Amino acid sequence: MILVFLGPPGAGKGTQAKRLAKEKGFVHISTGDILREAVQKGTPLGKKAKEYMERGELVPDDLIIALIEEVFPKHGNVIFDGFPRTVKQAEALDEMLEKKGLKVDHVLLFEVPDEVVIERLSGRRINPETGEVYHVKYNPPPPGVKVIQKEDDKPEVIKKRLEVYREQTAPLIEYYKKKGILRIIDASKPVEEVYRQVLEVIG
């Protein structure tokens, strides 16, 4: 089974992807996590991607398409989490999979109002070393676990990221709807309730 998680930044896609991958045996492909690793390592991809990420912009399509070609699991279940982010990326994904006799089975849209998004992101804290994600209100980190607020989770960059999402990424909703594979998730609910709905729509 191949899944795509789609929706505004802060919707809880990474949180649910980690949960589903671990419980139901999926390979979790997070372009965000993979890019952040590239940046930390100072690879050619990382050095180029860094400036876009810092500004809240999307990394150029060709870079991301190449990355996915490089890391796509040949066999097994996959969750694409944060990819595709543009129509060109979605078209490239369809082409890649078709060459392998595969397809995207379900696209889950994590629906959540802008106001909730802003609250999710502004309160997001991460463990810089493990990438583990917390929320100052909804899932506070234990004391003694060192967390930070990501620079791209500050008000100005959140605003940009949501604008970029609406312009470039939201059209994927209609792209996938017309393939018949879109399922709707109310991502505004608490974490366990959202997870139950994720299990429901793919079962």
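Residue positions are given as counts along the sequence shown, with the first one as 1.
The stretch 100-108 shows the higher mean C-alpha B-factor when 100-108 is compared against 78-86 in the entry.
Mean CA B-factor, 145-153 versus 168-176: the higher value falls on 145-153. The residue among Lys13, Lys189, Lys24, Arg183 whose C-alpha atom has the highest B-factor in the PDB entry is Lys24. Which of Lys48, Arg161, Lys137, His28 has the largest Cα B-factor in the deposited entry comes down to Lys137.
The PDB entry assigns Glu37 a C-alpha temperature factor belonging to the middle third of its chain's modelled residues. Annotation for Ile202: C-alpha temperature factor in the highest third relative to the rest of the modelled chain, per the entry.
Annotation for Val133: C-alpha temperature factor in the highest third relative to the rest of the modelled chain, per the entry. For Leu121, the recorded CA B-factor ranks within the middle third of the chain. Only modelled residues enter the ranking.
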